[PDB]
Amino acid sequence: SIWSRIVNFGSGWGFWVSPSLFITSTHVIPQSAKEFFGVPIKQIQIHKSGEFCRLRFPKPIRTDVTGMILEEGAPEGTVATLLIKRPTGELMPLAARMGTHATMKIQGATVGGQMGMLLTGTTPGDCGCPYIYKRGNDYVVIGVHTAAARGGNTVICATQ
Ligand SMILES: *[C@@H](CC(=O)OCC)[C@H](C[C@@H]1CCNC1=O)NC(=O)[C@@H](CC(=O)[C@@H](NC(=O)c1cc(C)on1)C(C)C)Cc1ccc(F)cc1
């Protein structure tokens, strides 16, 4: 259902928020591609906020999916789900308690997002996978995976 919206993208993953909106991590988008999903790159309207990368296609690409709510992170303390897809195809939902929103230094670079704590991990191929949580009856996507700290269970969710 939601898992079909996570797709192989460059060195990582990306997520269909809607038929026309695809988000991923700046570290993962292929910089030399001439088209994405058959659409020439010039027709694709791309925005970048640090490690958050959103792609707006001129025409619906995934007509089978419904638009999902995209917000800038989650209320502090929200237990979200990092929806990890592995190249083996295995689905690995990882619970993460979301922490402070901040402008953070990560390997010298500035990135905007939200810290989280894996509850009970993540690997270099996992960047771009989405963080999601359920509010009422609505699913809400809050960002994409971009980093995880060594010597700890902290993960970084890049946000808009
Ligand atoms: C995914 C992207 C990737 O592979 O990039 C290579 C071009 C990858 C996922 C993490 C790898 C280990 N586990 C993961 O979940 N992301 C990265 O490698 C980013 C860098 C890191 O994750 C480092 N983490 C940190 O520096 C850090 C600091 C804090 C508070 O938390 N984490 C190491 C653990 C490797 C790539 C990146 C992201 C954003 C940047 F601004 C610079 C670099």
# chains A, B, ... in the order shown; residues from 1 in each chain; ligands from 1

call {"tool": "residues_near_ligand", "arguments": {"ligand": "ligand 1", "cutoff": "7 Å", "atoms": "only C-alpha atoms and all ligand atoms", "output": "list in words"}}
result
residues 27, 28, 51, 105, 106, 107, 108, 109, 110, 111, 122, 123, 124, 125, 126, 127, 146, 147, 148, 149, 150, 154, 155 and 156 of chain A

call {"tool": "residues_around", "arguments": {"residues": "segment 11-21 of chain A", "least_positions_apart": "4", "cutoff": "9 Å", "atoms": "only C-alpha atoms", "output": "PyMOL selection string"}}
result
chain A and resi 4-7+25+27-30+54-70+84-85+124-130+141+144

call {"tool": "select_by_dssp", "arguments": {"residues": "chain A", "states": "strand (DSSP E or B)", "output": "number ranges by chain"}}
result
A: 6-9, 12-16, 21-25, 35-36, 39-40, 45-49, 52-56, 69-70, 79-85, 91-106, 109-118, 130-135, 138-148, 154-158

call {"tool": "residues_around", "arguments": {"residues": "segment 97-102 of chain A", "least_positions_apart": "6", "cutoff": "12 Å", "atoms": "only C-alpha atoms", "output": "PyMOL selection string"}}
result
chain A and resi 72-82+110-120+131-133+142-143+153-160

call {"tool": "write_last_selection", "arguments": {"atoms": "N, CA and C atoms", "output": "compact mmCIF listing (two decimals), in the first residue's frame"}}
result
# COMPACT_ATOMS: atom_id res chain seq x y z
N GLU A 72 6.48 19.72 7.92
CA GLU A 72 7.88 19.92 8.29
C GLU A 72 8.11 19.26 9.64
N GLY A 73 8.50 17.99 9.61
CA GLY A 73 8.74 17.28 10.85
C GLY A 73 7.45 16.96 11.58
N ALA A 74 7.62 16.43 12.79
CA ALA A 74 6.50 16.02 13.62
C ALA A 74 6.59 16.65 14.99
N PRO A 75 5.47 16.81 15.69
CA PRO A 75 5.52 17.29 17.07
C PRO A 75 6.54 16.49 17.89
N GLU A 76 7.28 17.21 18.72
CA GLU A 76 8.33 16.60 19.53
C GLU A 76 7.75 15.47 20.37
N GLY A 77 8.46 14.34 20.40
CA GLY A 77 7.99 13.17 21.11
C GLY A 77 7.14 12.22 20.29
N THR A 78 6.73 12.61 19.08
CA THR A 78 5.94 11.72 18.24
C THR A 78 6.76 10.49 17.87
N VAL A 79 6.17 9.32 18.05
CA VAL A 79 6.77 8.07 17.60
C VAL A 79 6.37 7.89 16.14
N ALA A 80 7.31 8.13 15.24
CA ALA A 80 7.07 7.98 13.82
C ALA A 80 7.64 6.64 13.36
N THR A 81 7.47 6.35 12.07
CA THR A 81 8.00 5.14 11.46
C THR A 81 8.89 5.53 10.29
N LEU A 82 10.12 5.04 10.32
CA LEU A 82 11.05 5.15 9.20
C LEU A 82 10.82 3.91 8.33
N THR A 110 25.59 22.09 6.65
CA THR A 110 24.38 22.49 7.35
C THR A 110 23.18 21.77 6.75
N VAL A 111 22.35 21.19 7.60
CA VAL A 111 21.16 20.48 7.17
C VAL A 111 20.03 20.82 8.12
N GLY A 112 18.86 21.09 7.57
CA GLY A 112 17.67 21.34 8.36
C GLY A 112 16.85 20.07 8.46
N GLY A 113 16.41 19.76 9.68
CA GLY A 113 15.57 18.60 9.86
C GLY A 113 15.18 18.37 11.30
N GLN A 114 14.96 17.11 11.65
CA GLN A 114 14.53 16.74 12.98
C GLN A 114 15.30 15.50 13.42
N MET A 115 15.76 15.52 14.67
CA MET A 115 16.43 14.37 15.25
C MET A 115 15.40 13.34 15.68
N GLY A 116 15.82 12.08 15.65
CA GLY A 116 14.99 11.00 16.14
C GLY A 116 15.84 9.96 16.83
N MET A 117 15.16 9.07 17.55
CA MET A 117 15.78 8.01 18.32
C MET A 117 15.14 6.69 17.93
N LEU A 118 15.93 5.78 17.36
CA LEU A 118 15.43 4.44 17.08
C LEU A 118 15.12 3.74 18.40
N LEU A 119 13.93 3.15 18.49
CA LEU A 119 13.39 2.77 19.79
C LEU A 119 14.05 1.52 20.36
N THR A 120 14.03 0.42 19.60
CA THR A 120 14.59 -0.82 20.12
C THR A 120 16.12 -0.79 20.00
N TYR A 131 9.98 9.17 6.60
CA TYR A 131 9.47 9.10 7.96
C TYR A 131 7.98 9.43 7.92
N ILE A 132 7.16 8.60 8.56
CA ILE A 132 5.71 8.76 8.53
C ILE A 132 5.13 8.48 9.91
N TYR A 133 4.02 9.15 10.21
CA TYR A 133 3.26 8.87 11.43
C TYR A 133 1.78 9.10 11.13
N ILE A 142 6.81 13.28 7.00
CA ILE A 142 7.46 14.40 7.68
C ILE A 142 8.88 14.66 7.19
N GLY A 143 9.44 13.81 6.35
CA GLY A 143 10.78 14.03 5.86
C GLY A 143 11.38 12.73 5.34
N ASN A 153 21.74 5.54 18.68
CA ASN A 153 20.57 5.21 17.88
C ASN A 153 19.89 6.44 17.29
N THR A 154 20.60 7.56 17.22
CA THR A 154 20.03 8.79 16.69
C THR A 154 20.05 8.78 15.16
N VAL A 155 18.94 9.22 14.57
CA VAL A 155 18.78 9.31 13.13
C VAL A 155 18.34 10.73 12.81
N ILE A 156 18.61 11.16 11.58
CA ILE A 156 18.32 12.52 11.15
C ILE A 156 17.32 12.46 10.01
N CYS A 157 16.23 13.19 10.16
CA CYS A 157 15.16 13.28 9.18
C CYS A 157 15.22 14.68 8.57
N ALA A 158 15.71 14.77 7.34
CA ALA A 158 15.71 16.05 6.65
C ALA A 158 14.29 16.47 6.31
N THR A 159 13.98 17.74 6.56
CA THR A 159 12.63 18.27 6.37
C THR A 159 12.66 19.45 5.40
N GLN A 160 11.47 19.82 4.94
CA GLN A 160 11.29 20.98 4.08
C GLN A 160 11.56 22.28 4.84

call {"tool": "atom_distance", "arguments": {"atom1": "atom CA of residue 151 of chain A", "atom2": "atom CA of residue 86 of chain A"}}
result
22.4 Å

call {"tool": "select_by_dssp", "arguments": {"residues": "chain A", "states": "helix (DSSP H, G or I)", "output": "PyMOL selection string"}}
result
chain A and resi 3-5+41-43+124-126

call {"tool": "atom_distance", "arguments": {"atom1": "atom CA of residue 140 of chain A", "atom2": "atom CA of residue 95 of chain A"}}
result
14.7 Å
